[PDB]
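Student: Please work out how this folds:
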Amino acid sequence: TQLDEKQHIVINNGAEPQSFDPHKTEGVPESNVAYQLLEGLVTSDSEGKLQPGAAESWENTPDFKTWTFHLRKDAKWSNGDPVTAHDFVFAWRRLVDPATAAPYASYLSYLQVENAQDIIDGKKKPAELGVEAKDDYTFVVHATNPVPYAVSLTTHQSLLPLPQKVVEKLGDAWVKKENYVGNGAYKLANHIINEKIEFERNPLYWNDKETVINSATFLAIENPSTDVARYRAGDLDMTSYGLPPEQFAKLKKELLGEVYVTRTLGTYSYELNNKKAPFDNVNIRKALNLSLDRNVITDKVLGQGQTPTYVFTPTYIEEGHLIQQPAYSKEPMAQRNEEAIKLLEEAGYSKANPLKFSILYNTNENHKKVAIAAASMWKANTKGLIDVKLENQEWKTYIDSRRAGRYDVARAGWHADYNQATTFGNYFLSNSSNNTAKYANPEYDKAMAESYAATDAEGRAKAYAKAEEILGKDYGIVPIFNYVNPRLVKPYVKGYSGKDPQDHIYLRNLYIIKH
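Tutor: Numbers count the residues shown, from 1 in each chain. The coordinates are given below.
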């Protein structure tokens, strides 16, 4: 039973992306697009395992501080310019240049690249970053501490190279469909805002000979019910990674074989704005954590396999085993609620004068459902001391508000950028460009800093447990659950495994079968 003649595929990408410039974004819809059009030093297969990308080989010194990548001598951007180490140097410098204002600027600081933090903090020029083109096809990364998991970091959207010649000549107009040049398996055929992105084969991709899918469309359907309806109508082949909890038990039995649920390294949270009154009060942040019943959300609201959590890092992640769930999470709800009430009353709330705020979330009926549940539990568990409004915003507008800090409480999902605990731990550093909570605690920073010169797993895992303990005591955010990624995938679509813990979809890993 063979390959189809056609090889077209339609996939829900869930929202209109903020941008196709991998230095201007931090979201999953954006990265999904970037990963089709560009390819970093290394990439991954259907199960998250690492394989050669722009680098055909690489090595490290025994101290894990020097990483040397050998680029393909004949590889070309999609316009035919050579892909060189200079492109990687150019791009990684741009990531950290403060003038670029990248949300992921801090990513190279996570990798411990020499001078990355100082460049971000404005103390050194971008050109002083500890990466170099030793020649045109040798890119070398120099780190100040050992980073044995460094190769796996290089897969991230923020470390994608850019076509220097083009970006320098065209400025940020480079991102327009008419000018976009890239080195991934696909190239932009069309972009209609709030409707579709169309991809076509990049025949100058080094590995075009292995790409099967010829064209693809990304839809931007925000609501999972609409997603499922289109799928059933046969107008899309894979949903995005949310499904209606109402239809879910049915879909599983009726579309047996088509329902995938990947266990992913992700945490769903309500992020509290730690520098806006009244969430700058730890007592109030503690009350909210105490009075929210996680099992209500994972069991009655969703019921898809999501598991309740009271910490940020998924504990099943590599080197997360020592992370402990906090003690309040084991007390009866009635005792937790009594304590919450006490705290809110001590802070001057009553039924007549309750704690009023809004939950900001991106338009999406599953998030709305969780927001209603949370608002509901918060009013009732505190006997009227909390009163929550809901503020849905479009994806781009929601991302913009979180980043500008124009919010009280915001829905937040963090998905691992690499399968090692620090991809979470690093989020909450005072100076992390990713930290839209504005959580800042010198002792957290110190705990994470001292993980970075531990020379075995155990030592690192202890630091992460301490960091997670400090963030927990500060009640910096409201963690809720660890993700499963429920998706519907047509039976004629192959190459999607359901075993990738970052649940990436690379069009080059798929193919359509006949019969």
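Student: And the residue minimising distance to the centre of the chain, its phi and psi?
Tutor: In the chain, the residue lying closest to the centroid (C-alpha atoms, centre = their mean) is residue 415, at 3.8 Å. When quoted as degrees, to the nearest 10, the phi and psi of residue 415 stand at phi -110, psi 130.
Student: from here on, count from 27
Tutor: Shifting the count to begin at 27 puts that one at residue 441.
Student: Name all residues that make contact with it.
Tutor: Going by C-beta atoms under 8 Å, 6 or more residues apart in numbering, residue 441 touches 54, 290-292, 509, 528-529. In this view, the C-beta of every residue, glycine as well, is placed from N, C-alpha and C.
Student: Next: residue 537.
Tutor: Taking C-beta under 8 Å, 6+ apart, we find residue 537 in contact with 29, 33, 238-239, 519-521.
Student: that older thread, which strand residues bridge the residue nearest to the centre of the chain?
Tutor: residue 292 (DSSP bridges).
Student: name the element residue 311 belongs to?
Tutor: In this assignment (DSSP states H and E), residue 311 forms part of helix 308-317.
Student: next SSE after that helix?
Tutor: Assigned by DSSP H and E, the successor of helix 308-317 is helix 320-321.
Student: any idea which element the residue of the chain most remote from its centre lies in?
Tutor: Distance to the chain centre peaks in the chain at residue 378, reaching 40.2 Å (criterion: C-alpha atoms, centre = their mean). Per DSSP H and E: residue 378 is located in neither a helix nor a strand.
Student: Could you measure from it over to residue 317?
Tutor: Computed as C-beta to C-beta, to the nearest Å, the residue 378 to residue 317 distance reads 19 Å.
Student: how many neighbours does residue 308 have?
Tutor: Applying other C-beta atoms under 10 Å, we find 14 residues neighbouring residue 308.
Student: and it, what is it in contact with?
Tutor: Applying C-beta under 8 Å, 6+ apart, we find residue 308 in contact with 500-501.
Student: try residue 158
Tutor: Shown in contact with residue 158 (C-beta under 8 Å, 6+ apart): 111, 115, 165-166, 168.
Student: What lies in contact with stretch 101-117?
Tutor: For stretch 101-117, using C-beta under 8 Å, 6+ apart, the contacting residues are 49, 67, 80, 95, 97-98, 157-165, 185-194, 207-209, 213, 228, 230-232.
Student: Let's see which of those end up in strands.
Tutor: If you go by DSSP state E, the contacts of stretch 101-117 have 95, 97, 157-161, 164-165, 213 in strands.
Student: Separate out the buried members of those residues.
Tutor: With burial judged by 16 or more other C-beta atoms under 10 Å, the buried subset of those is 95, 97, 157, 159, 165, 213.
Student: ok so, going back, format the contacts of residue 441 as CSV; extra columns: distance to residue 432, secondary structure and neighbour count.
Tutor: Converted to CSV, the contacts of residue 441 look like this (distance: C-beta to C-beta, whole Å; DSSP: H, G, I helix; E, B strand; the rest coil; neighbours: other C-beta atoms under 10 Å):
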residue, distance to residue 432, secondary structure, neighbour count
54, 22, helix, 22
290, 29, strand, 20
291, 29, strand, 27
292, 25, strand, 23
509, 26, strand, 26
528, 29, coil, 21
529, 30, coil, 24
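Student: Export those residues as a markdown table, with columns for distance to residue 276.
Tutor: Below are the contacts of residue 441 laid out as a markdown table (distance: C-beta to C-beta, whole Å):
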| residue | distance to residue 276 |
| --- | --- |
| 54 | 27 |
| 290 | 23 |
| 291 | 28 |
| 292 | 25 |
| 509 | 22 |
| 528 | 28 |
| 529 | 23 |
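Student: farthest pair in these?
Tutor: 54 and 291 (13.1 Å; C-beta to C-beta).
Student: mind checking the end-to-end distance for stretch 467-483?
Tutor: 24 Å (C-alpha to C-alpha, to the nearest Å).
Student: who's in contact with residue 161?
Tutor: Neighbouring residues of residue 161 by C-beta under 8 Å, 6+ apart: residue 111.
Student: Tell me what it is bridged to.
Tutor: Taking DSSP bridges as the rule, residue 161 bridges to residue 164.
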